[PDB]
Every structure is written in structure tokens, then in C-alpha cells.
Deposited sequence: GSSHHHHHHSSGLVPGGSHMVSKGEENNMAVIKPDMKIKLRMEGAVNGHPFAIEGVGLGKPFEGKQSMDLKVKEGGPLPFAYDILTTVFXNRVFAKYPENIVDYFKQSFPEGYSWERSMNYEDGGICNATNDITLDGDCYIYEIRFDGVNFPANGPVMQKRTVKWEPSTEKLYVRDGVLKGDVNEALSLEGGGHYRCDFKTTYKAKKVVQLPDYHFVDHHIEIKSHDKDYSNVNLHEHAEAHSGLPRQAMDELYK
């Protein structure tokens, strides 16, 4: 529908220390906009940069034009799942999965997040990240499913950027029409939060296009 709800629970760990986060949100799938509120349930206060979590906190919330087949909106009411590996340049690596289902007008996410090898004096473990830059995801078919790798970067507390390469596999629960090679522009932003990020308001604007 034009206004949809979001409910999620993320269970995960970073450098072996476990945590859990829950969120409620709402979004406009055809306008490619969404927002949500999250609150650390376990493992707080988080000792790592919250920004590594945010892109894990749904490509149905993307404005697709009529000329590009919409893989994600097709998959419902059954839904879809995805897996993702996020490779940071300093060796830190996060693996994540999300199983997305639909209950009425509410998407339900079951999330697992696992990051390892983040250096003690790195920007993640020292909370020196500021914000994800906006980005352009490249989506393409392989083995009958959809993949979407990206060239991400976090702006840092004194300038400069901290790069991370995202690799994702999108799997529909049913048979859907596979799209052609296309792109999705992203802009994810934390609009507000408390001191230790126990509470976080997160927004994302995502839009598909066919390149130049």
C-alpha cells in the first residue's frame, strides 16, 4: 500500500560482544522513503559506531520507474530475504541477513548481524564515524536471483572517508520476473539520537534509475 509499517528485531555481535536491537517504523514504498525508531534491547551501551548497523536496518522502499522491473515489490505478499557482506578497508567485515515477511500493512524483519576484526583504534571501535555518504547501488541477475554490490564510504570525525564494499544477494520467496541491469541511488541518515545511541531515528531515501 502507499503507507506501510515496519517492525524488526536485530540480534547480532561485533568483535564477539553480543547485542540486540528492535525497531518500529513506517514508509512509503512508491516514494522510496522510510523512517524508523530503534532502541538497544541488549548489549548496551554499544561500543562500536552505530553507522555499521544502519544499512542493515529493505529495497521495497525504493521508487522504481515503470521501465525497470521491480524485483522486490513482486515478491510480496510472500516476501523475500537477503544476505550481505560489508568489507571495510581496514579489514573489518560484517555479515548480515534479513528475512522479510508481511503482516497486513507491516513488514517484519528478522535480522542477524555479525562483524569481526575491527581494530581497537579504528574509526568503528572508537566511534569516529559521522555519516554514510549517499550512494549508488548496482543490481544484476546471477543464478536466477538478484545481487546488489555497492561502493560505500563513511565520512570521518576529522575529514576523509572510511570505505566499505557492500555485496548482497536478494532472494524472492516465489517466482518473479528478473530485472535488467539497473541502479538504486541511496541516502541513509540518522536524523536524531541520544548520547549513547540507545535511541536512534533513522531515515532512508532510495530511488532506482537506468544510468546516464
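Going by the record, the unmodelled stretches of the deposited sequence, in order, are 1-32, 90, 246-255.
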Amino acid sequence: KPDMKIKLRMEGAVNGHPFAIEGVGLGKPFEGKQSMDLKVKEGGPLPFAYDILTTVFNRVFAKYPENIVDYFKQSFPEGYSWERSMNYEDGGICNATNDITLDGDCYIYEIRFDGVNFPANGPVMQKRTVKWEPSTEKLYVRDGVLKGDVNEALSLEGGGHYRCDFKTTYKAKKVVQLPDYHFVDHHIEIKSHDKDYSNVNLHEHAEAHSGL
From here on, numbers count along this sequence of modelled residues.
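Per the deposited record, the Cα B-factor of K33 falls in the highest third when ranked against the other modelled residues of its chain. Remark: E42 belongs to the highest third of its chain, ranked by C-alpha B-factor as recorded. Ranked by C-alpha B-factor against the other modelled residues of its chain, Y107 falls in the highest third. Sorting the modelled residues of the chain by their CA temperature factor places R84 in the lowest third. Per the PDB record, residue ranking by Cα B-factor puts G160 in the highest third of the chain.
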